[PDB]
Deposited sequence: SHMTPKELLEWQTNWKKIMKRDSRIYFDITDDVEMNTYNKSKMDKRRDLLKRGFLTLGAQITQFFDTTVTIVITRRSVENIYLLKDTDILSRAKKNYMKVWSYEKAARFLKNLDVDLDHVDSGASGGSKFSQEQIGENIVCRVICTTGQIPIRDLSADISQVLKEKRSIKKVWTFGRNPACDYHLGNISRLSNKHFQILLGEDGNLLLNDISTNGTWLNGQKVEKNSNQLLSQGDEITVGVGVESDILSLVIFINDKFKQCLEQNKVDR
């Protein structure tokens, strides 16, 4: 519920704090894991991301520390001994972040031609673009010029992720004559366009800001793409 302007202000402030006076400590204790070396790799990735922000990493636990980042469960810190630095950190009202939260934080601080710009507004997928060779496109005589496939399969032109009720080949975006994009559902569980379920194996014309929604029926697998069609493409086609 943060507006674009609010979230931008939120970001500006944190970058400011990170650069000037954040002091991050990485908890060296773990819960036994059944090869520590994998989380040592994800750890050093986090450290470099924070260094990218101009923040200072500490080798020892001070009270000058502003954030501690840990692999151990934050939920169970109250069960640790009083000497444990996670226990001491929380009781002194210090920030205690999970590796996931830290990676999530760093992501939020930014650490052929374009047919359209696909934007997943539910989060899961980064901003991707659809590409097509223009000279090759006008060369084609067939009615359908190019064909992007969306689906559960990471072999598709657009990977929708490993979702429960999706399909290896879920739906398609077809490029037609005269620079028009259209939509084609081939899934078995369904595709939606602006809240309306589209007819399977039937080409529906896409418009500006049209919202493709799949995985309807489970609020976790849900996925909404908004298509922002490039005007220059048709304006030169």
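- Positions of the deposited sequence absent from the coordinates, in order: 1, 36 to 37, 39, 116 to 136, 263 to 269.
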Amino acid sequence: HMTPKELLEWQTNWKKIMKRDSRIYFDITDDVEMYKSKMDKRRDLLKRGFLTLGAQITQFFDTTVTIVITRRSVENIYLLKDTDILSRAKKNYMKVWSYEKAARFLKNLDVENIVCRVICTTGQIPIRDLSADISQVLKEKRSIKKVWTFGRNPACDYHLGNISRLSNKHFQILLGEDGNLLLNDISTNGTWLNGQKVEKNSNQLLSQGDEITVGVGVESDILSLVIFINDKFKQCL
From here on, numbers count along this sequence of modelled residues.
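- Here 210 to 218 and 19 to 27 are compared by their mean Cα B-factor, and 210 to 218 comes out higher.
- On average the C-alpha atoms of 152 to 160 have higher B-factors than those of the other stretch, with 152 to 160 and 92 to 100 being the two compared.
- Between the residues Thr191, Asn168, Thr66, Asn203, it is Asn168 that shows the highest Cα B-factor in the PDB record.
- The PDB entry assigns its highest CA temperature factor, among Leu86, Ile119, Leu106, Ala132, to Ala132.
- In the deposited entry, the Cα temperature factor of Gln196 sits in the bottom third of values across the chain's modelled residues.
- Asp82: CA B factor in the lowest third of modelled residues in this chain (values from the PDB entry).
- The entry lists a Cα temperature factor for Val111 that places it in the middle third of the chain's modelled residues.
- Per-chain ranking of the deposited C-alpha B factor places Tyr35 in the highest third.
- In the deposited entry, the Cα temperature factor of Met2 sits in the middle third of values across the chain's modelled residues.
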